[PDB]
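Peer 1: Following this message is one structure expressed as structure tokens.
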Amino acid sequence: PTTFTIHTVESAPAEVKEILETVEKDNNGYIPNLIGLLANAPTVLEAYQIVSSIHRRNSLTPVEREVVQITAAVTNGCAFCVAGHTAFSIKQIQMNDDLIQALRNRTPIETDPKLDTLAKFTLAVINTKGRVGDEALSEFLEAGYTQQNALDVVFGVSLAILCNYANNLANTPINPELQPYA
Amino acid sequence: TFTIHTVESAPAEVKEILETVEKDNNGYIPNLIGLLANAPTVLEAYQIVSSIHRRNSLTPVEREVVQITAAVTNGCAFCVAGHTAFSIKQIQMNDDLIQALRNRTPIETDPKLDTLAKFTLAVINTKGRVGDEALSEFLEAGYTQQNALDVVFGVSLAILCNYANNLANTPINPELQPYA
């Protein structure tokens, strides 16, 4: 009706059943509801898989990747995505609570000016549709980042937007496994 | 300040993609591609996603409605030119529909496509929180939940290209200038 189906392995289209089973093993026995949602459109789930995979071998570090994604999730008001990336930052990257808390607030990162610049550059990209202006770009480059990193930030922003806008339109519920990190 | 690469200047990892692109566009490389060459993984993601986008649940005409609507709303002059040229030369789209898309004018000839363009804008302008009324109006016009998700996917791909071009202030190829 107005509500989106959150697919299980059993209900999912044939084209994506393998992706769901893979995802369930990778998350140790549950499927994040984002994945159950995107299963409604096999193409969009297939794209999310491949891009997520390319995302993990890009020119930013893992922590830097999380800076872009949490900053984007908070700016786009996506509760599911903020929860997902908080859990991944705590459980898989093991970055410290002060880093995570500043990212969840979009407040200055006091212990790492290079990260602080990236998050501010991320925010500028989002708010300006890439038109960040010479000063912001120069501050980004002056912090030790390259023109390649800048495009990888834009790429991270497009990936977040896919997940954040999809979850916002569906009002995707947060899995019980993710509720503590919400 | 951003390099727009040729086949010859580009990093080795992406030279094959650029050669393919040069053939696909009959002898030139869209500067968007030259720009993404700076970040090989991003060009690689663009190629794969672009091919997935072309086999999705929206029709070729519907895809261009989403993409042109997004380019115009995001103020990306390059993408508006690119998608106009593609709509005319490949798709041979109705001339009036394409002009209505570039000019943000109602699609009086096709209310379903007009609904699609409005849903795309609402998705962009509210970050997907369109409200129940807009979503229901989109579904009742004859689109599915799968269609809605492919629109969101359409929007994310447009933003990747739109925001990157906006950031580099990407110049329009001579071959695309007549469609600017």
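Simple scheme: letters A, B, ... for chains in structure tokens order, numbers from 1 for residues in each chain, numbers from 1 for ligands in the order shown.
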Please identify all polymer residues within 7 Å of stretch 118-120 of chain B, counting only C-alpha atoms, omitting same-chain residues fewer than 3 positions from it, and present them as an NGL selection string.

Peer 2: :B and (66 or 114-115 or 123-124 or 134 or 138 or 151)

Peer 1: Which of chain B end up as alpha helix (DSSP H) when DSSP is run on this backbone - answer as a tab-separated table (two decimals) with C-alpha atoms, in the first residue's frame?

Peer 2:
chain	number	residue	atom	x	y	z
B	15	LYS	CA	42.89	3.68	-19.84
B	16	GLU	CA	40.80	0.79	-21.17
B	17	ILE	CA	37.60	2.42	-19.88
B	18	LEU	CA	38.40	5.70	-21.59
B	19	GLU	CA	39.10	3.93	-24.92
B	20	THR	CA	35.74	2.21	-24.62
B	21	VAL	CA	34.05	5.51	-23.89
B	22	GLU	CA	35.75	7.18	-26.86
B	23	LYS	CA	34.25	4.50	-29.13
B	24	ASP	CA	30.83	4.66	-27.44
B	31	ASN	CA	34.68	15.59	-19.74
B	32	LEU	CA	32.83	14.03	-16.80
B	33	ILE	CA	34.69	10.84	-17.65
B	34	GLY	CA	37.97	12.75	-17.98
B	35	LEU	CA	37.32	14.15	-14.53
B	36	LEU	CA	36.56	10.81	-12.87
B	40	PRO	CA	40.06	5.26	-10.76
B	41	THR	CA	37.70	3.51	-8.31
B	42	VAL	CA	35.10	6.21	-8.84
B	43	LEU	CA	35.28	5.86	-12.65
B	44	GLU	CA	35.01	2.13	-12.24
B	45	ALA	CA	31.97	2.49	-10.01
B	46	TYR	CA	30.43	4.88	-12.50
B	47	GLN	CA	30.82	2.39	-15.35
B	48	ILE	CA	29.24	-0.51	-13.47
B	49	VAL	CA	26.38	1.54	-12.01
B	50	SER	CA	25.68	3.18	-15.35
B	51	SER	CA	25.25	-0.23	-16.91
B	52	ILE	CA	22.98	-1.36	-14.11
B	53	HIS	CA	20.94	1.80	-14.43
B	60	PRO	CA	14.81	4.63	-21.19
B	61	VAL	CA	12.53	7.68	-21.50
B	62	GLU	CA	11.70	7.47	-17.77
B	63	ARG	CA	15.39	7.29	-16.87
B	64	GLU	CA	16.06	10.50	-18.79
B	65	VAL	CA	13.11	12.20	-17.11
B	66	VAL	CA	14.72	11.42	-13.73
B	67	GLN	CA	18.25	12.38	-14.86
B	68	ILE	CA	17.39	15.64	-16.65
B	69	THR	CA	15.07	16.69	-13.82
B	70	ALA	CA	17.94	16.06	-11.37
B	71	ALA	CA	20.58	17.85	-13.50
B	72	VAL	CA	18.41	20.95	-13.79
B	73	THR	CA	17.49	21.03	-10.10
B	77	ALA	CA	25.24	22.53	-16.90
B	78	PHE	CA	27.40	19.66	-18.13
B	79	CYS	CA	24.85	16.96	-17.24
B	80	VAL	CA	21.94	18.89	-18.71
B	81	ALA	CA	23.92	19.09	-21.98
B	82	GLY	CA	24.98	15.47	-21.86
B	83	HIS	CA	21.51	14.16	-21.20
B	84	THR	CA	19.93	16.49	-23.79
B	85	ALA	CA	22.34	15.21	-26.47
B	86	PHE	CA	21.69	11.61	-25.40
B	87	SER	CA	17.91	12.16	-25.39
B	88	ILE	CA	18.01	13.59	-28.91
B	89	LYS	CA	20.60	11.36	-30.59
B	95	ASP	CA	11.28	17.32	-28.81
B	96	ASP	CA	8.59	18.91	-26.65
B	97	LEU	CA	9.23	16.53	-23.72
B	98	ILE	CA	12.97	17.29	-23.72
B	99	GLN	CA	12.40	21.05	-23.83
B	100	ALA	CA	9.85	20.82	-21.01
B	101	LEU	CA	12.44	18.89	-18.99
B	102	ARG	CA	15.24	21.43	-19.43
B	111	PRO	CA	0.64	13.08	-16.83
B	112	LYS	CA	2.46	9.90	-15.76
B	113	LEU	CA	5.83	11.32	-16.75
B	114	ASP	CA	4.84	14.65	-15.18
B	115	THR	CA	4.18	12.73	-11.94
B	116	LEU	CA	7.53	11.02	-12.25
B	117	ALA	CA	9.32	14.36	-12.65
B	118	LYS	CA	7.49	15.76	-9.61
B	119	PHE	CA	8.33	12.72	-7.49
B	120	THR	CA	11.99	13.05	-8.51
B	121	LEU	CA	12.03	16.68	-7.43
B	122	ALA	CA	10.26	15.88	-4.17
B	123	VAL	CA	12.82	13.10	-3.54
B	124	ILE	CA	15.71	15.51	-4.20
B	125	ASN	CA	14.19	18.42	-2.25
B	126	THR	CA	13.20	16.42	0.86
B	132	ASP	CA	2.67	9.89	2.36
B	133	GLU	CA	0.63	12.08	-0.02
B	134	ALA	CA	3.42	12.47	-2.60
B	135	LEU	CA	4.31	8.78	-2.51
B	136	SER	CA	0.69	7.70	-2.86
B	137	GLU	CA	0.20	10.10	-5.78
B	138	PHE	CA	3.27	8.53	-7.44
B	139	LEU	CA	1.96	4.96	-6.93
B	140	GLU	CA	-1.60	5.75	-8.01
B	145	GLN	CA	7.51	0.37	-5.05
B	146	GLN	CA	10.28	-1.09	-7.23
B	147	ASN	CA	9.83	1.92	-9.53
B	148	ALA	CA	10.18	4.26	-6.54
B	149	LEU	CA	13.46	2.64	-5.52
B	150	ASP	CA	14.88	2.91	-9.06
B	151	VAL	CA	14.02	6.61	-8.98
B	152	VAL	CA	16.04	6.96	-5.77
B	153	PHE	CA	18.84	5.03	-7.48
B	154	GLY	CA	18.44	7.37	-10.49
B	155	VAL	CA	18.79	10.35	-8.17
B	156	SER	CA	21.94	9.00	-6.44
B	157	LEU	CA	23.68	8.41	-9.78
B	158	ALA	CA	22.73	11.92	-10.98
B	159	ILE	CA	24.12	13.40	-7.78
B	160	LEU	CA	27.41	11.56	-8.21
B	161	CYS	CA	27.81	13.16	-11.66
B	162	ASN	CA	26.12	16.49	-10.85
B	163	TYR	CA	28.11	17.17	-7.66
B	164	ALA	CA	31.44	16.10	-9.18
B	165	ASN	CA	30.95	18.35	-12.22
B	166	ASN	CA	29.79	21.15	-9.90
B	167	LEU	CA	32.92	20.74	-7.82
B	168	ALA	CA	35.32	20.73	-10.80

Peer 1: Please identify all residues of chain A having at least one atom at most 8 Å from any atom of chain B, considering only C-alpha atoms, and return them as number ranges by chain.

Peer 2: A: 2, 4, 38, 40-41, 43-44, 47, 50-51, 54-55, 57-59, 76, 125, 129-133, 147-149, 151-152, 154-155, 157-159, 161-162, 164-169

Peer 1: If you measure from atom CA of residue A:172 to atom CA of residue A:99, what distance in Å do you get, rounded to one decimal?

Peer 2: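 Value for the atom CA of residue A:172-atom CA of residue A:99 distance: 26.2 Å.
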
Peer 1: Tell me, as a PDB file with N, CA and C atoms, in the first residue's frame, which residues lie within 10 Å of residue A:181, counting only C-alpha atoms; anything in the same chain fewer than 6 positions away does not count.

Peer 2:
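Generated file (selection33.pdb):
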ATOM      1  N   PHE A  80      18.252   5.170  10.382  1.00  0.00           N
ATOM      2  CA  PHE A  80      18.771   3.826  10.158  1.00  0.00           C
ATOM      3  C   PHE A  80      20.274   3.866   9.842  1.00  0.00           C
ATOM      4  N   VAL A  82      22.547   6.221  10.458  1.00  0.00           N
ATOM      5  CA  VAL A  82      23.360   6.638  11.603  1.00  0.00           C
ATOM      6  C   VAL A  82      23.603   5.428  12.543  1.00  0.00           C
ATOM      7  N   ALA A  83      22.588   4.597  12.745  1.00  0.00           N
ATOM      8  CA  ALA A  83      22.699   3.436  13.588  1.00  0.00           C
ATOM      9  C   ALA A  83      23.614   2.414  12.989  1.00  0.00           C
ATOM     10  N   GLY A  84      23.448   2.117  11.696  1.00  0.00           N
ATOM     11  CA  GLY A  84      24.299   1.161  11.007  1.00  0.00           C
ATOM     12  C   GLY A  84      25.746   1.532  11.074  1.00  0.00           C
ATOM     13  N   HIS A  85      26.063   2.769  10.736  1.00  0.00           N
ATOM     14  CA  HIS A  85      27.487   3.178  10.679  1.00  0.00           C
ATOM     15  C   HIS A  85      28.087   3.357  12.069  1.00  0.00           C
ATOM     16  N   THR A  86      27.298   3.748  13.063  1.00  0.00           N
ATOM     17  CA  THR A  86      27.774   3.765  14.454  1.00  0.00           C
ATOM     18  C   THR A  86      28.182   2.369  14.920  1.00  0.00           C
ATOM     19  N   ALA A  87      27.357   1.374  14.623  1.00  0.00           N
ATOM     20  CA  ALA A  87      27.697  -0.017  14.979  1.00  0.00           C
ATOM     21  C   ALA A  87      28.954  -0.451  14.245  1.00  0.00           C
ATOM     22  N   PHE A  88      29.066  -0.142  12.968  1.00  0.00           N
ATOM     23  CA  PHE A  88      30.261  -0.545  12.194  1.00  0.00           C
ATOM     24  C   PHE A  88      31.530   0.166  12.667  1.00  0.00           C
ATOM     25  N   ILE A  90      32.021   1.320  15.768  1.00  0.00           N
ATOM     26  CA  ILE A  90      32.371   0.729  17.067  1.00  0.00           C
ATOM     27  C   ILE A  90      32.887  -0.716  16.932  1.00  0.00           C
ATOM     28  N   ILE A 174      14.584   0.142  12.243  1.00  0.00           N
ATOM     29  CA  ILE A 174      15.900  -0.285  12.717  1.00  0.00           C
ATOM     30  C   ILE A 174      15.753  -1.655  13.339  1.00  0.00           C
TER      31      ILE A 174
END

Peer 1: Excluding same-chain residues fewer than 3 positions from residue A:19, what lies within 10 Å of it counting only C-alpha atoms, as an mmCIF file with N, CA, C and O atoms, in the first residue's frame?

Peer 2:
data_model
loop_
_atom_site.group_PDB
_atom_site.id
_atom_site.type_symbol
_atom_site.label_atom_id
_atom_site.label_comp_id
_atom_site.auth_asym_id
_atom_site.auth_seq_id
_atom_site.Cartn_x
_atom_site.Cartn_y
_atom_site.Cartn_z
ATOM 1 N N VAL A 9 15.014 -13.844 3.075
ATOM 2 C CA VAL A 9 15.543 -14.763 2.070
ATOM 3 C C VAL A 9 14.374 -15.458 1.344
ATOM 4 O O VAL A 9 14.407 -15.531 0.096
ATOM 5 N N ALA A 12 12.207 -12.923 -1.017
ATOM 6 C CA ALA A 12 12.929 -12.052 -1.959
ATOM 7 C C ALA A 12 12.806 -12.548 -3.409
ATOM 8 O O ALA A 12 12.751 -13.769 -3.642
ATOM 9 N N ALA A 14 14.011 -14.062 -6.792
ATOM 10 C CA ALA A 14 15.089 -14.971 -7.182
ATOM 11 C C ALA A 14 16.390 -14.267 -7.504
ATOM 12 O O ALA A 14 17.466 -14.720 -7.024
ATOM 13 N N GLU A 15 16.335 -13.167 -8.241
ATOM 14 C CA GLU A 15 17.548 -12.454 -8.672
ATOM 15 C C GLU A 15 18.484 -12.010 -7.514
ATOM 16 O O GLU A 15 19.668 -11.842 -7.702
ATOM 17 N N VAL A 16 17.938 -11.857 -6.324
ATOM 18 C CA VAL A 16 18.681 -11.346 -5.205
ATOM 19 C C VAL A 16 18.743 -12.277 -4.014
ATOM 20 O O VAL A 16 19.303 -11.887 -2.991
ATOM 21 N N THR A 22 24.065 -14.223 1.550
ATOM 22 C CA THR A 22 25.407 -13.754 1.795
ATOM 23 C C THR A 22 25.435 -12.695 2.909
ATOM 24 O O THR A 22 26.167 -12.815 3.855
ATOM 25 N N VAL A 23 24.600 -11.686 2.766
ATOM 26 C CA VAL A 23 24.508 -10.619 3.726
ATOM 27 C C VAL A 23 24.157 -11.144 5.145
ATOM 28 O O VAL A 23 24.668 -10.638 6.118
ATOM 29 N N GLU A 24 23.301 -12.140 5.236
ATOM 30 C CA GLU A 24 22.935 -12.657 6.518
ATOM 31 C C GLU A 24 24.112 -13.335 7.209
ATOM 32 O O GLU A 24 24.293 -13.240 8.418
ATOM 33 N N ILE A 35 18.811 -3.703 3.443
ATOM 34 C CA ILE A 35 19.008 -4.753 2.432
ATOM 35 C C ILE A 35 17.666 -5.428 2.075
ATOM 36 O O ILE A 35 17.388 -5.674 0.885
ATOM 37 N N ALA A 39 15.908 -5.106 -1.775
ATOM 38 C CA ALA A 39 15.514 -6.321 -2.473
ATOM 39 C C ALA A 39 14.254 -6.163 -3.334
ATOM 40 O O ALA A 39 14.060 -6.920 -4.283
ATOM 41 N N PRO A 42 15.797 -5.373 -7.473
ATOM 42 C CA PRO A 42 17.059 -6.072 -7.607
ATOM 43 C C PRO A 42 18.236 -5.257 -8.115
ATOM 44 O O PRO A 42 19.314 -5.370 -7.569
ATOM 45 N N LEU A 45 19.781 -3.107 -5.335
ATOM 46 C CA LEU A 45 20.553 -3.908 -4.387
ATOM 47 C C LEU A 45 21.839 -4.391 -5.022
ATOM 48 O O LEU A 45 22.869 -4.500 -4.359
ATOM 49 N N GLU A 46 21.810 -4.777 -6.275
ATOM 50 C CA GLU A 46 23.008 -5.205 -6.981
ATOM 51 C C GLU A 46 24.005 -4.043 -7.020
ATOM 52 O O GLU A 46 25.166 -4.224 -6.742
ATOM 53 N N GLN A 49 25.640 -3.491 -3.607
ATOM 54 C CA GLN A 49 26.682 -4.441 -3.354
ATOM 55 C C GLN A 49 28.003 -4.137 -4.031
ATOM 56 O O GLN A 49 29.028 -4.129 -3.379
#

Peer 1: State, in Å with one decimal place, the distance from atom CA of residue A:27 to atom CA of residue A:115.

Peer 2: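 Atom-to-atom, atom CA of residue A:27 to atom CA of residue A:115, that is 27.7 Å.
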
Peer 1: One number please: atom CA of residue A:56 to atom CA of residue A:175, in Å, one decimal.

Peer 2: 23.6 Å

Peer 1: Can you tell me which residues surround residue A:74 at a distance of at most 8 Å, considering only C-alpha atoms, apart from same-chain residues fewer than 4 positions away, and format the answer as a ChimeraX atom specification?

Peer 2: /A:70,78-79,82,104-106

Peer 1: With C-alpha atoms retained, write the just-selected residues as an mmCIF file, in the first residue's frame.

Peer 2:
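This went into out.cif:
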data_model
loop_
_atom_site.group_PDB
_atom_site.id
_atom_site.type_symbol
_atom_site.label_atom_id
_atom_site.label_comp_id
_atom_site.auth_asym_id
_atom_site.auth_seq_id
_atom_site.Cartn_x
_atom_site.Cartn_y
_atom_site.Cartn_z
ATOM 1 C CA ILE A 70 28.159 9.369 9.320
ATOM 2 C CA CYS A 78 18.650 9.065 8.223
ATOM 3 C CA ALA A 79 18.170 7.300 11.547
ATOM 4 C CA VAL A 82 23.360 6.638 11.603
ATOM 5 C CA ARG A 104 27.084 12.006 15.218
ATOM 6 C CA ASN A 105 26.890 15.688 16.285
ATOM 7 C CA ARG A 106 28.661 17.136 13.215
#

Peer 1: Near residue A:103, within 8 Å and counting only C-alpha atoms, which residues show up once chain neighbours fewer than 6 positions away are dropped, as a PyMOL selection string?

Peer 2: chain A and resi 67+70-71+109+119

Peer 1: Can you pull out every residue within 10 Å of residue A:117, counting only C-alpha atoms, but drop anything in the same chain fewer than 5 positions away, and send it as a ChimeraX atom specification?

Peer 2: /A:108-109,112,122-123,136-137,139-145

Peer 1: With distances taken over only C-alpha atoms, which of A:30, A:81, A:1, A:10 is nearest to residue A:176?

Peer 2: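 For residue A:176, the nearest of the candidates is A:30.
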